[PDB]
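The data below hold one chain only, encoded as structure tokens and taken in the form deposited in one PDB entry.
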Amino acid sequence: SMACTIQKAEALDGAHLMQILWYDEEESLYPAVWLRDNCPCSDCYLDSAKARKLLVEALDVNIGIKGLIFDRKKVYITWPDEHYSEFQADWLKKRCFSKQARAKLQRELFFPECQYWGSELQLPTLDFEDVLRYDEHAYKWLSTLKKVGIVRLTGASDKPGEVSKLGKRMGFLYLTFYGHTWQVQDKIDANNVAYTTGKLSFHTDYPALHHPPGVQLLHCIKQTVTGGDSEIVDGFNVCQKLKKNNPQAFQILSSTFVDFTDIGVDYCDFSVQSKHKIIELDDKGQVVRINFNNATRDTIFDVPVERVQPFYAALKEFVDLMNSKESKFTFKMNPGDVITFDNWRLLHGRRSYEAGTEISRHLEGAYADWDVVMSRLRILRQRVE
């Protein structure tokens, strides 16, 4: 393309910069030190690993270009210490430091597109076996999971082992103290409120961990008619509404460290403690994770006394917003249904149901790391494209 063809290349600014004039008449600037740092020759770069061999120690941060020649597709550079580098035009173009270029590349790397939703949610639904079998369907699955925060898979069996197949489709599951997979059912001497018939209000799973699970998989094996409906809410949407309606509540929940705890025995014996802000913001002030499970929020609360009641007042507002008819989406899982969702963004709940002699309700669940999911998503996109 004209955009990726070199019309002129030259060293500028004490030879500390290279400028490319492209044939579309746009110009790009590349710091000399970055070029040297990213020399792709076999001394500096290990092709089989696609990784840098060059040490920081070898880099003169005040380096300038000693010599430069070019043709339409390549730049050829000599450095002051006689090192020699070649850079490809398309490789340079992609890495252009302009905001527009960098932003475009970031979107391609990290799939930032996000669709907020409330009670109007149309639950994205795909077939289980299709997803396992076809890359086009697995791509739709993971891309939708990232964008919308949840996908329902229908047509799985009513037997354990289904979430493990999805785990393999992704890469591998995220092991925790509750196992590689775990059975959500009523249990004698339950080590977790999830393993009872009680109502679960909106929560994220495992805030007791510093790194809570990114993605949750829940497969319905048995369902009861006496209750047990699922409820979800878009935590990012709720946070936006909270900041608007009650900035003071938002400020408290996005700045106060809450202690979470989990003690007991399952995969092995554990005694787990963490601290999270319930609304976790990035350095730009955007919400990147919600960390909230009212069951595992500790009795220990590490704040001064005067901050305690305002925190609870803020928390109540947040929960009231989640429960709003405009915010929450309700549905009931059937045997063979699997839901897969963003556990950093969505909060989920379940309605109480009745206990009985034998098991009337059974889900099998598992977790996955977002980096594992994003890796598979990147690869799938490449295969389908």
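Start at 1 and count along the sequence shown; that's the residue number. In this text, the rigid core denotes the largest set of C-alpha atoms whose superposition between the two forms falls within 1.5 Å.
Omitted from view is the form deposited in another entry, to which the following refers.
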Superpose on the rigid core, then report which one of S85, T197, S274, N293 has a CA displacement of at least 2 angstroms between the shown form and the other one.
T197
How about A355 - superposed on the rigid core, does its CA move between the shown form and the other one by 2 Å or more?
yes
Inspect the rigid-core superposition and answer whether the C-alpha of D186 shifts by 2 angstroms or more between the shown form and the other one.
yes
After superposing the rigid core, is the C-alpha displacement of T226 2 Å or more between the shown form and the other one?
yes
Report the direction of the Cα distance change between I359 and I263 in that other deposited form, compared with the displayed form, as closer or farther; the change is 3 Å or more.
farther
